[PDB]
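Working notes for the structure below.
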Amino acid sequence: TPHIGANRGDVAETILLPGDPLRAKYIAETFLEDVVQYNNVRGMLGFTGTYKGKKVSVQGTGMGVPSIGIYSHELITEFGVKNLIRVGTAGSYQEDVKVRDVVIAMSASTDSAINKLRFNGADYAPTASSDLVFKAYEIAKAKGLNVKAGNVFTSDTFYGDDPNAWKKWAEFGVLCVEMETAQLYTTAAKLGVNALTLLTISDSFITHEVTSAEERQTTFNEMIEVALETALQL
Amino acid sequence: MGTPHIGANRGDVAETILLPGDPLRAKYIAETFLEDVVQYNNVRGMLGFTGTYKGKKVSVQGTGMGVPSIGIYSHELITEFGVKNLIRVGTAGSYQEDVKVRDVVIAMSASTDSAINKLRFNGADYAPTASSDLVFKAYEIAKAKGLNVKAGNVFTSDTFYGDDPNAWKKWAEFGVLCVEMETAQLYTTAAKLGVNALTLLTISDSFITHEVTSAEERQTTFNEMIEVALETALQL
Amino acid sequence: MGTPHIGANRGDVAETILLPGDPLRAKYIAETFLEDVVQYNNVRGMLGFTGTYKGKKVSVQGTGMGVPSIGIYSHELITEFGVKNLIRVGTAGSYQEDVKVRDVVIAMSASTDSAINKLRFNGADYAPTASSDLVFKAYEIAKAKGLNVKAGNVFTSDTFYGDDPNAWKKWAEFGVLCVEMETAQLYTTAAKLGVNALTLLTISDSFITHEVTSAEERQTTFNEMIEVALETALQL
Amino acid sequence: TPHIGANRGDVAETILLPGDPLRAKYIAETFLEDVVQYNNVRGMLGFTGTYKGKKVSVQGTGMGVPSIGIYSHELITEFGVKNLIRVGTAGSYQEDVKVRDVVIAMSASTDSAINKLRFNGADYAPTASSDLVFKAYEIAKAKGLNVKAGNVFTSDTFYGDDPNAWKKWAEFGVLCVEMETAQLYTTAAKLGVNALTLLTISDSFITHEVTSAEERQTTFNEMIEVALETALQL
Amino acid sequence: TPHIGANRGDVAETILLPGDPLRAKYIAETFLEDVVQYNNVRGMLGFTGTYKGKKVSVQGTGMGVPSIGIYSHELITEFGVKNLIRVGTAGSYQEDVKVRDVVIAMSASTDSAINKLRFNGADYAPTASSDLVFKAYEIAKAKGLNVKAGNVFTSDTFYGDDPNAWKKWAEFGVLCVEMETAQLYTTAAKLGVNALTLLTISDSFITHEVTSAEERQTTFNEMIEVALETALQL
Amino acid sequence: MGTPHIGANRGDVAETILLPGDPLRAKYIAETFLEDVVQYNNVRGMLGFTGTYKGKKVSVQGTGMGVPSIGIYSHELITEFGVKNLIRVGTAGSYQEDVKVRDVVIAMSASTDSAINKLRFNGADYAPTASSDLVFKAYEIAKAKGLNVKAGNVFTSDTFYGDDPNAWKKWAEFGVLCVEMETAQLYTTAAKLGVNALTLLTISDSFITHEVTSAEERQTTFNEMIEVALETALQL
């Protein structure tokens with residue numbers, strides 16, 4: 001409510017969640033029919049339309065655990081959302097994981113304290129909904145995409161103090177780093193709904209390639225198609 | 001051209017910047033208080049503007065909500081665009097009976113439940129702290145404006161919707177004035193990079209009372225805060 | 001010859017291994033499902049066997065209970081004996097009403113109260129995660145076998161007899177399927193060493209219901225799990 | 001009571017708190033009139049007198065968070081003290097911060113666990129009373145002292161294992177290291193009273209200058225004058 | 001019960017606890033008369049017999065804090081065991097501590113989280129029963145053994161990532177590393193019974209000597225004799 | 001001459017030192033038990049003395065209260081003045097019914113809520129431990145003196161006035177004998193620097209009973225403890 005200026009009914013049961021509200025705009029204009037914009041509070045654009053006849057929503061979450069914490073909670077509790085598919089970007093930690101590859105997050109490691117606080121310092125592993133993982137994987141394979149499914153690192157920090165810090169995570173099989181998933185999976189689990197993160201590799205700690213701002217906003221089409229086809233099967 | 005989060009050139013951003021959380025509030029500040037306004041950023045809709053206030057160049061830009069979001073923007077602004085003075089202008093919820101709605105709070109420091117510094121200092125407690133020159137200038141301006149100003153510790157929360165309704169009380173017992181979501185990061189980043197930072201906050205609600213205020217009332221108080229921030233900007 | 005915990009030579013262990021906690025369960029699996037069985041380990045009574053399943057070499061070995069115990073065995077098996085695929089086959093207690101006794105759980109990941117990774121990552125939260133190729137193969141086999149299969153997060157407990165009877169509930173609220181004592185270590189070690197790991201679990205009891213099952217019933221379900229693990233082994 | 005051998009009434013509402021009881025003695029003999037010694041328990045000297053007609057107290061706290069924890073608590077709860085002004089010494093972490101400079105602590109970073117324990121591992125920032133900060137700053141400026149006001153580090157450890165450990169703190173703007181303030185500010189906040197720390201730089205991690213024991217006890221007059229003038233305005 | 005397949009009465013009041021069940025077998029066959037095997041669940045052999053006329057038990061615990069946590073709890077609560085003497089192996093952290101030396105653990109440092117969780121992150125020091133320490137020390141000295149008594153490190157990890165990690169512990173006087181004692185001492189203290197760990201040095205971080213599997217199982221006789229003589233006096 | 005906290009020369013301090021928390025107790029010990037006493041320290045009023053006991057040189061010095069205070073004094077004494085044996089002689093509050101007022105406790109080890117070692121060992125649990133030679137000598141002396149002596153774990157508290165009246169109980173359930181404020185630091189420092197340390201404690205009050213004792217009674221028991229410490233000193 002304080003953050004989404006709309007009524008229950010305005011948002012579909014399944015929603016795609018880019019971090020960038022302008023990417024939500026792009027998805028809505030490019031892939032959906034009969035689009036209605038239901039939110040402009042804080043510029044966090046949210047749209048509802050149809051994809052091949054099925055109602056779907058798309059809305060920006062902003063960057064970081066706390067921002068997506070706010071939007072995922074409100075979407076679930078106040079708008080009755082049941083399936084949440086993050087479509088985001090991430091920096092590769094693996095030579096095997098290339099700029100513009102698509103990755104499924106089975107789980108999310110994190111340096112956020114959100115769960116450390118709640119479990120008295122133990123290690124909760126935020127985990128994807130298996131059904132969504134399986135469906136998204138199958139759709140991807142049927143499309144010719146060599147999609148990997150594994151652990152991603154959700155960081156609070158884009159500009160770390162130590163340029164070599166990523167290497168410890170990569171040694172333990174972490175595919176890439178992004179900034180939202182540990183929170184999305186935690187909240188989905190807590191509230192009894194379903195969540196999946198798909199990512200497009202936008203930067204690389206191996207080769208140091210950086211995609212442009214325009215490229216991230218309007219050209220990562222493969223992940224969007226996977227997410228939409230996934231939504232269609234839910 | 002720019003950074004992956006700010007699509008502008010060096011020179012497009014003034015040396016002093018105001019930092020509302022909401023990019024629509026940046027647009028409002030720019031339209032309301034600045035002359036000859038140019039928009040330098042639209043990446044991710046994170047509106048940023050540059051204009052003059054009483055003849056002096058000043059910028060204003062949304063940061064998004066939360067420590068990680070402002071961490072990205074403050075870092076890029078300082079290292080890529082040469083920003084020297086960063087003044088957050090936000091809203092907060094009061095934890096104290098004598099911190100009333102429509103009061104202005106100056107953050108001397110920020111407590112937090114974010115893990116950003118716990119990681120950095122091997123589990124020790126770093127206290128993110130405001131630039132004193134900015135605290136002193138802002139206080140004297142606010143006072144002379146006749147405003148009800150408090151200066152103290154604020155709580156930078158990582159979690160808006162927490163498990164425990166009463167958890168704020170522990171912080172309130174230890175004198176914390178109010179809760180917001182950005183300041184510990186702003187102060188840490190400015191300290192690391194050797195620049196100047198200040199957070200000003202209008203009290204928009206109270207965990208203690210349930211006083212209601214009109215939109216006109218809220219606008220007037222917000223404008224007062226912005227004036228304090230801009231008159232501060234003038235003296236740097 | 002060997003390591004201080006496995007008294008065998010390189011070559012004695014197949015590239016894929018099943019890992020019951022109980023070495024008497026390793027003996028049972030070997031006798032029941034494997035041909036031309038050779039025992040390669042008796043050090044500390046930690047029985048390990050190598051035989052063929054449908055003509056393919058496969059090993060099976062007890063790990064002991066707990067993160068430190070499986071930490072020793074998995075490390076030695078991988079680094080000294082060249083094991084590439086490690087499939088734990090265990091029992092677990094259900095934390096969920098729809099995770100019923102005699103169900104099979106595939107661990108996609110493992111939460112834990114062990115400090116092994118807290119130490120490694122400076123207090124951050126590493127999520128030990130299964131090899132997806134093994135998760136996908138095992139799921140499809142179990143499904144086609146008509147089994148009631150769930151795939152999700154399991155809790156690797158350091159303490160069987162804890163101070164607090166209700167402590168599991170916090171984990172259950174956050175979707176944890178069941179509790180066991182080895183998986184976070186198995187997944188972390190396999191990830192570090194660049195090999196493949198999977199945990200399969202039969203639900204032996206419930207924290208929610210108190211359903212009773214016969215030994216024949218328990219044997220049948222256990223055999224089904226082993227078949228899934230061995231049919232998975234076949235495709236690697 | 002177990003630690004201060006005196007009755008309510010014997011201590012003034014405003015008190016100066018050096019760590020060194022012999023420095024309390026010095027302040028009392030040098031700056032106060034009509035001095036009465038109210039405490040000698042454990043040799044922790046405490047005096048009450050007048051400064052320009054206003055009643056003030058001065059008492060040693062001992063070194064370290066736990067010692068000042070004891071004395072600040074007893075002073076507030078049993079003796080009705082309302083304003084607590086620590087006048088201490090500290091080692092510089094900044095080239096800008098010279099031996100014999102005076103510093104105001106706006107806040108205190110710490111490696112003490114006192115607050116980690118209480119806030120479930122979150123980061124409480126012990127903070128000075130703004131009124132005292134402003135008054136002390138103004139008095140200092142009117143005296144010709146270039147006083148800095150910023151973050152100080154309260155350590156449990158004088159002799160650290162790592163000779164380079166201080167450098168991380170200095171990178172993040174920490175002015176100097178002392179051993180009391182995080183506790184004084186925490187207790188003052190908890191009990192609803194007012195606190196300020198003034199420090200004289202007695203050692204330097206930059207130049208390695210060390211002042212003598214005599215110098216710390218009887219020659220740091222500038223901070224004492226600021227504190228007394230501050231008390232006078234309260 | 002789930003882990004020990006026997007009835008109250010089958011186990012004596014004093015028990016020796018090697019980690020290795022085959023070492024329990026060795027002790028029982030070599031030192032005890034009238035031996036009965038009371039446990040074979042999970043192959044964790046347990047025996048009861050007499051040593052010089054006094055009933056004693058010996059049982060394997062398995063390796064690691066969680067495994068001994070299980071067996072020590074069941075032994076105490078369900079079988080009425082009152083004295084628990086671990087007879088284990090450990091790797092030396094001190095040039096002074098040689099392969100085949102015998103060590104008494106007065107206390108156990110640990111990297112286990114078992115107590116961090118329980119004491120809100122404070123530092124509980126698991127400590128031996130003084131009576132058993134004194135008796136075992138005296139017996140050892142009367143045998144000609146130069147026995148050391150000090151702090152041992154209970155680790156969850158045999159194969160650490162950092163080959164130099166042990167050096168910090170050795171600097172602070174840690175004698176050797178093993179994998180059970182912090183748990184045994186914690187549980188004994190909690191349940192109000194008595195515990196002692198004796199160790200034989202089986203590996204050395206100084207010289208890199210490694211004893212064989214056979215040697216650990218059947219040749220560490222000196223510690224066994226000390227433990228048995230200790231039991232006899234209880 | 002000296003250190004910033006001890007105003008004396010090398011040679012002024014004996015190789016064995018007794019360490020009361022209270023410097024007035026150091027003065028009392030020196031006057032009561034030592035011959036040919038010289039005061040070597042008055043810095044910060046932290047009285048230190050050197051005299052002979054039965055012809056042997058021994059020192060005695062106040063440490064102040066708390067881990068940080070004794071951290072300074074023990075470090076300087078060892079590294080600058082060549083002290084080899086450090087024996088704290090203090091008071092403590094009992095956590096146990098069979099640890100009665102006027103009993104003597106020998107600290108085998110010290111639990112703590114200080115963060116000194118949590119920082120040092122990356123969040124692991126170091127157990128500060130007494131020198132066994134000193135534990136054994138002191139126990140045998142105390143026993144032969146007919147004293148009621150206990151040897152075990154003590155709790156080194158960082159906070160005298162804690163938030164929670166019942167918090168000691170957790171420690172009491174896990175066998176902790178009593179609470180004091182210095183020992184974890186003393187034992188850690190002596191271990192680091194390769195020297196010998198022991199804490200002896202007279203039980204001055206009880207968290208369990210509320211027994212009252214006369215000053216004469218308290219003096220007698222304290223003198224007994226000092227005798228144990230000094231007879232121990234004699235044999236080093």
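Within each chain, counting starts at residue 1; across the structure tokens, chains are named A, B, ... in the order shown, with ligands numbered 1 upward in that order.
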**Q.** Proximal residues of chain B relative to chain F (only C-alpha atoms; 10 Å) as an NGL selection string
**A.** :B and (121-124)
**Q.** Nearby residues (only C-alpha atoms) at most 7 Å from residue A:206, same-chain spacing under 3 positions excluded, as a ChimeraX atom specification
**A.** /A:93-95
Prev. selection, N, CA and C atoms, output as a JSON list (two decimals), in the first residue's frame:
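What landed in result30.json:
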[["chain", "number", "residue", "atom", "x", "y", "z"],
["A", 93, "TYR", "N", 30.98, -15.27, -12.06],
["A", 93, "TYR", "CA", 32.09, -15.68, -11.20],
["A", 93, "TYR", "C", 32.79, -16.89, -11.79],
["A", 94, "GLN", "N", 32.37, -17.30, -12.98],
["A", 94, "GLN", "CA", 32.85, -18.53, -13.59],
["A", 94, "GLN", "C", 33.17, -18.30, -15.06],
["A", 95, "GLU", "N", 34.33, -18.81, -15.48],
["A", 95, "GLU", "CA", 34.74, -18.79, -16.88],
["A", 95, "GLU", "C", 33.68, -19.44, -17.78]]
(Q) Taking 3 positions as the minimum chain separation for residues in the same chain, which residues sit within 12 Å of residue E:78 when counting only C-alpha atoms? Answer as a list in words. (A)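 Listed by chain and then number, they are residues 1, 2, 3, 4, 5, 6, 7, 8, 9, 10, 11, 12, 13, 70, 71, 72, 73, 74, 75, 81, 82 and 191 of chain E.
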Q. So how far away is atom CA of residue B:135 from atom CA of residue D:140, in Å?
A. 16.7 Å
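Proximity to chain C was assessed for A:23, A:216, A:168, A:54 counting only C-alpha atoms; the smallest distance is recorded for A:168.
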Q) When distances are computed from only C-alpha atoms, which of E:112, E:204, E:107, E:40 shows the smallest separation from chain A? A)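 Counting only C-alpha atoms, the residue closest to chain A is E:112.
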